[PDB]
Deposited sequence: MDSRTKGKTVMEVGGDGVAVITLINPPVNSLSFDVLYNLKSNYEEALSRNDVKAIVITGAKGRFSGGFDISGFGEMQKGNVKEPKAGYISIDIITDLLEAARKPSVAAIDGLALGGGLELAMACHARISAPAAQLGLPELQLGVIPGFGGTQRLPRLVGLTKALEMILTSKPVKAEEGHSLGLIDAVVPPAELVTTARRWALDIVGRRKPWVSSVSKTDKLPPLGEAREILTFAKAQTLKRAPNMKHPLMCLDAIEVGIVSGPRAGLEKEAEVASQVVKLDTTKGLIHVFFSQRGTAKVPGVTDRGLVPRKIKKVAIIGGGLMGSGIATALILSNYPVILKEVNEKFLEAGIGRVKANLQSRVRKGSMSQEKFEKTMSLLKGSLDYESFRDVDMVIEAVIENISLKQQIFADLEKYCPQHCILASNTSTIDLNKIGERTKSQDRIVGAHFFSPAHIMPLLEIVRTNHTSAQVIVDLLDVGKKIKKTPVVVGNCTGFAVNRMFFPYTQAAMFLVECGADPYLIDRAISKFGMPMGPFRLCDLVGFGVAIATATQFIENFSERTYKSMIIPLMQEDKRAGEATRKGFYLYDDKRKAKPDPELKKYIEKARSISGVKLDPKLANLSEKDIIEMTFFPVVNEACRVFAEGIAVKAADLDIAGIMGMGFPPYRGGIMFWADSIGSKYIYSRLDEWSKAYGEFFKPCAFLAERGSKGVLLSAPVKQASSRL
């Protein structure tokens, strides 16, 4: 990108940051800025400087330097902030990361009403590298700065104004005018000439600041023991407070140049891009098609999963209509919806107007206007086939015939119709309105235009869509089905279940295999596993543990579990008990890698990076580990292969490497590499 500078008749130089989409601070922009300043501070006709962004946006961050802190220190701190001419930032839209830092370097800040200000760097496993670790705590206080930097959450201009981050809030149309007026106020001493970096007004006493910093470090190691960058960022903050500002800067410059080398930040960076690339499906989204406008959606369900969908839809101003069989089931579903909205109330007129979008019905005549249908009925083929027969009958010819099915082949559902091009899989994960993932299941017949449509609806409802193929368990569930079975096989072999959970919950998972198995509900976990037992028998293990518990009907260990596993004694008891935490993880996750490769090779998933996001966003796989596939290559295919074969030749074909993994593992090549 670039920057344009123009000197008004009042002597104020206005510099516009120009680098779409969000005017990120590329080196290009920065060096143009440097030149701008060197000129402005040499021109006699220039009195002060104002900085603003193009197209109603200040700067969204860094683009996607000689020393370590050449910019932070030499350009931003010395050249700009320590200049003998005042700078004023004119903020509109957003000021995030480097964008917010550049603004903090200025001597005053004018902002438009609802602009966003924050330092999101930590979410990428990186740190503020332009002086944010210094100026933020000095402008808003240590307590707030710590919250913003650690939580990575942005703040609106209004709140920013009351914190001392923003000096004034004016309408977007007065932004630059106010700023240049402010700039000449400073030159004329009608207003203070403050340097943020050497401001102590807002800091706590040296001793208490250490108490606040110590505390933070402590609880950051309690929640996120896995990542180091936050603590590394807290270091830069403490140094700046104790040893002074200039020491703090160089400390940040050092921390920033080494934090990029961490293996977990490469993982976090990979997850960032992979999140974006899930909507790129070759042969579908490269055709020049454009999403259709869906103005009305029908949800045939009313049950738990159905009521969830409806919630997500109306929450995004989608007129939704539920159809049920009996009046009871209908009034029941509508009830769950309201309950879901009332929950997040504890606006009012908000969650009262969105209830008008939801309209009930026990008929099909109200489908003559629907642009998309989602069926969320019990997993009964006979019944689903019938629903799609009626759908094809009462619906418009363009209407999308989507199903939330989880265990039934999409091709069999549309058996009684001739609308195979309109039938697609819209797979949600309960709770439908919280789980961020959406599996768009395409068939051989699903038309590209329908996928492009759904792909767009997913984005509209704050979901992250992946386009997967039609097969047993699609991508997410099929991927992690070995997970639970590998665990239970280890248990039947003597392995302590609670050790398993602890080893894996510390690995990065939000839960343990068994711990999560209880949360999902034995009835559900066993119902979704059946699918794979019947389609991949020679690769699955039906542990009688759960069933035996079902027939007998703030959580802690159960002294009555030992007798339960013993009863399911079909296998013997090796030395799989007393395994290392590394081994537990390796025997529980490598089979998942193995399955991910089958999915990737079979073409079920478009690209490895999609599998990463899927496992991450569907099964809470550790983001800092990049994803199930990124992690697999992080260890090495040759290792995973060699280790997975040793088990195959010692426990059964369950651990046997699939052709794709084997062929690649031997050559020591990357697994995430495109299929050829």
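No alpha-carbon coordinates exist for the deposited sequence positions 1-6, 71-82, 365-368, 576-596, 720-725, given here in order along the chain.
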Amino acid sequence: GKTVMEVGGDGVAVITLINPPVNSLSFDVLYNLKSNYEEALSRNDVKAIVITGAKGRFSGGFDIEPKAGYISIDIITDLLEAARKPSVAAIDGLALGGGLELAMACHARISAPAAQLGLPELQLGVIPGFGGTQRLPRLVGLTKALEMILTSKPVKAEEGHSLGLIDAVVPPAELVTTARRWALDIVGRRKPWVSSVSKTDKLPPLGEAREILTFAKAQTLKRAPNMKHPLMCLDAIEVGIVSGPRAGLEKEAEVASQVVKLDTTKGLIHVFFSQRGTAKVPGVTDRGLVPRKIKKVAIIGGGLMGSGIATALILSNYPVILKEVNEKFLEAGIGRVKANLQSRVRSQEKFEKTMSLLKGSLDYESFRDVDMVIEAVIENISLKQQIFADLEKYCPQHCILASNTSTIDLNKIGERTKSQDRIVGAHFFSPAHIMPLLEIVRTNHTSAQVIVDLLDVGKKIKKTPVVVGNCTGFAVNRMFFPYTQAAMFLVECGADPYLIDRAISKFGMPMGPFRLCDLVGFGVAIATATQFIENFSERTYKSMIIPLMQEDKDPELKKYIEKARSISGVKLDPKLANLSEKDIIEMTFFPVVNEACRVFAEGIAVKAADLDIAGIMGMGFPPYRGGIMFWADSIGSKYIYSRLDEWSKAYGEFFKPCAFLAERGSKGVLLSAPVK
From here on, numbers count along this sequence of modelled residues.
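Mean C-alpha B-factor is higher over 640-648 than over the other stretch, the pair under comparison being 606-614 and 640-648. Comparing 418-426 with 356-364, the higher mean C-alpha B-factor in the PDB entry belongs to 356-364. The entry assigns its greatest Cα B factor, within the set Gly469, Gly129, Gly523, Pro245, to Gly523. Highest CA B-factor among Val441, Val88, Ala577, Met148, as stated in the entry: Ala577.
Annotation for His229: CA B-factor lies in the highest third of the chain's modelled residues. Among the modelled residues of its chain, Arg598 has a C-alpha B-factor that falls in the lowest third according to the deposited record. In the deposited entry, the Cα temperature factor of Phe273 sits in the bottom third of values across the chain's modelled residues. Sorting the modelled residues of the chain by their CA temperature factor places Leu330 in the highest third. Remark: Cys395 belongs to the middle third of its chain, ranked by C-alpha B-factor as recorded.
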